[PDB]
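Below you'll find the structure, written out as structure tokens, and then a few comments.
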Number of protein chains: 2
Amino acid sequence: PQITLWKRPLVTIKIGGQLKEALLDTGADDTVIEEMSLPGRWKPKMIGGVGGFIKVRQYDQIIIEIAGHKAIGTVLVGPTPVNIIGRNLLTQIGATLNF
Amino acid sequence: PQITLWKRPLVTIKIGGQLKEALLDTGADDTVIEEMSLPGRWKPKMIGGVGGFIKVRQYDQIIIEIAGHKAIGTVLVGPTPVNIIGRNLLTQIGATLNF
Ligand SMILES: CC(C)CN(C[C@@H](O)[C@H](Cc1ccccc1)NC(=O)O[C@H]1CO[C@H]2OCC[C@H]21)S(=O)(=O)c1ccc2c(c1)OCO2
Ligand SMILES: [Cl-]
Ligand SMILES: [Cl-]
Ligand code: NA
């Protein structure tokens with residue numbers, strides 16, 4: 001699809017068996033999801049943005065379905081105000097910015 | 001252009017006759033730039049990101065070139081960690097997300 005940017009580019013995702021709404025975010029290096037359980041091991045990480053940093057749990061090799069497209073990668077879990085799909089997974093679904 | 005996301009989507013902007021680097025950010029509602037001088041009056045704004053909220057200076061109707069495309073619109077100035085071009089100006093330059 002072609003998504004214009006008049007409104008936030010929100011899509012439905014499936015992660016850990018859960019359906020969620022997330023933001024397709026070209027400014028995010030990483031994918032960051034609101035607090036939830038995921039299987040497997042994790043390690044702590046700090047990520048920073050406007051407003052400063054938050055502590056997250058880093059889970060590797062997590063499968064996510066993004067608007068119907070499957071991708072695998074690292075997912076950070078923590079107290080983000082919004083679910084964010086970052087470049088690590090946008091690349092896998094073939095997303096580009098066009099103008 | 002068609003910009004892939006394997007690297008940060010950084011472009012050159014020109015504002016106040018100065019070149020700067022900025023991130024094309026579909027996750028940003030607004031455009032936020034590091035401390036600089038802009039003409040005219042400003043108004044207060046609070047913006048919220050990953051780490052919390054910050055105060056910024058809102059300048060309206062600012063002329064800004066983005067990757068060679070002319071835009072005229074609102075620029076927020078404050079302690080952002082990177083210059084971010086948000087959807088208010090991405091729509092002016094005709095940008096879409098495609099996958
Ligand atoms: C600030 C940029 C460089 C990074 N951020 C991604 C942004 O797209 C962020 C994504 C975001 C969106 C909403 C709330 C919090 C974060 N947007 C944002 O802060 O936009 C602000 C300016 O316009 C306003 O509209 C949205 C909030 C304001 S982020 O959320 O802090 C972030 C995400 C993944 C990350 C990361 C930081 O570090 C490593 O991987
Ligand atoms: Cl990854
Ligand atoms: Cl590619
Ligand atoms: Na894992």
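Side chains included, hydrogens not; waters and symmetry mates left out as well; all remaining heavy atoms used. Per chain, numbering begins at 1; letters A, B, ... match sequence-line order.
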Original post:
Counting only heavy atoms not in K14(B), do more than 12 fall under 6.0 Å of its NZ?
Top reply: no
Original post:
Is any side-chain N of the basic residue among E35(B) and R57(B) closer than 4.0 Å to the acidic one's carboxylate O?
Top reply: yes
**OP:** May I ask whether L97(A) and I93(A) are part of the same hydrophobic cluster, defined by side-chain heavy atoms of I, L, V, M, F, W, Y residues being less than 4.5 angstrom apart, directly or through others?
**Re:** yes
**OP:** With sequence neighbours excluded, give me every side chain to side chain donor-acceptor pair (under 3.5 Å) pair touching residues 89-99 of chain A.
**Re:** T96(A)-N98(A), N98(A)-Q2(B)
**OP:** Please name the pair of heavy atoms, one in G49(B) and one in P81(A), separated by the smallest distance, quoted to 0.1 Å.
**Re:** O-CG, 3.6 Å
**OP:** Could you tell me whether a side-chain N or O of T31(A) sits under 3.5 Å from a main-chain N or O of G86(A), the two making a donor and an acceptor?
**Re:** yes
**OP:** Indicate if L5(B) and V32(A) have the same hydrophobic cluster label, given that clusters are the connected sets of ILVMFWY residues with side-chain heavy-atom separations under 4.5 angstrom.
**Re:** no
Subject >> Check: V50(A) and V50(B) side chains under 4.5 Å, non-hydrogen atoms >> reply: no
Original post:
If you round to the nearest 0.5 Å, how far is CD1 of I47(A) from CD1 of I54(A)?
Top reply: 4.5 Å
Original post:
Is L90(A) reachable from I13(A) through a run of hydrophobic residues whose side-chain heavy atoms are each under 4.5 Å from the next?
Top reply: yes
**OP:** Report the C-alpha distance between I66(B) and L89(B) in whole Å, list the side-chain angles of each, state the deciding distance to 0.1 Å, and finish with yes or no for side-chain contact (heavy atoms from CB on, under 4.5 Å).
**Re:** CA-CA 9 Å; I66(B) 302 154; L89(B) 306 181; 3.7 Å; yes
Original post:
Is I64(A) reachable from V77(A) through a run of hydrophobic residues whose side-chain heavy atoms are each under 4.5 Å from the next?
Top reply: yes
Original post:
With side chains defined as the heavy atoms from C-beta onward, is the minimum distance between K55(A) and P44(A) less than 4.5 Å?
Top reply: yes
Original post:
Is it the case that more than 12 heavy atoms not belonging to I72(A) sit under 6.0 Å from its CD1 atom?
Top reply: yes
Subject >> Pairwise distance CE(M36(B)) to OH(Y59(B)) - rounded to 0.5 angstrom >> reply: 9.0 Å
Subject >> Spacing of CZ belonging to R8(B) relative to CD belonging to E21(B), to within rounding of 0.5 Å >> reply: 9.5 Å
Subject >> Pairs involving residues 66-84 of chain A, ordered by first then second residue, that meet side chain to side chain donor-acceptor pair (under 3.5 Å) (sequence neighbours left out) >> reply: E34(A)-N83(A), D60(A)-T74(A)
**OP:** Report the distance from atom CG of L23(B) to atom CD1 of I85(B), rounding to the nearest 0.5 Å.
**Re:** 8.5 Å
Original post:
Rounded to the nearest 0.5 Å, what separation is found between the CD atom of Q18(B) and the NZ atom of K20(B)?
Top reply: 4.5 Å
**OP:** Identify whether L76(B) and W42(B) are in the same connected component of the hydrophobic contact network (ILVMFWY, side-chain heavy atoms under 4.5 Å).
**Re:** no
Original post:
What pairs with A67(B) under side chain to side chain contact (heavy atoms under 4.5 Å, CB included), at least two apart in sequence or on another chain?
Top reply: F99(A), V11(B)
**OP:** Count the heavy atoms of every other residue, nucleotide or ligand shown that sit under 6.0 Å from NZ of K7(A), and state whether that count exceeds 12.
**Re:** yes
Subject >> Test item: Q58(A) and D30(A) side chains (from C-beta on) under 4.5 Å apart, heavy atoms >> reply: no
Subject >> Point-to-point distance, once rounded to the nearest 0.5 Å, from CD1 of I84(B) to CD1 of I33(B) >> reply: 11.0 Å
Subject >> Sidechain-backbone polar pair: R87(A) side chain, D29(A) backbone, donor-acceptor under 3.5 Å >> reply: no
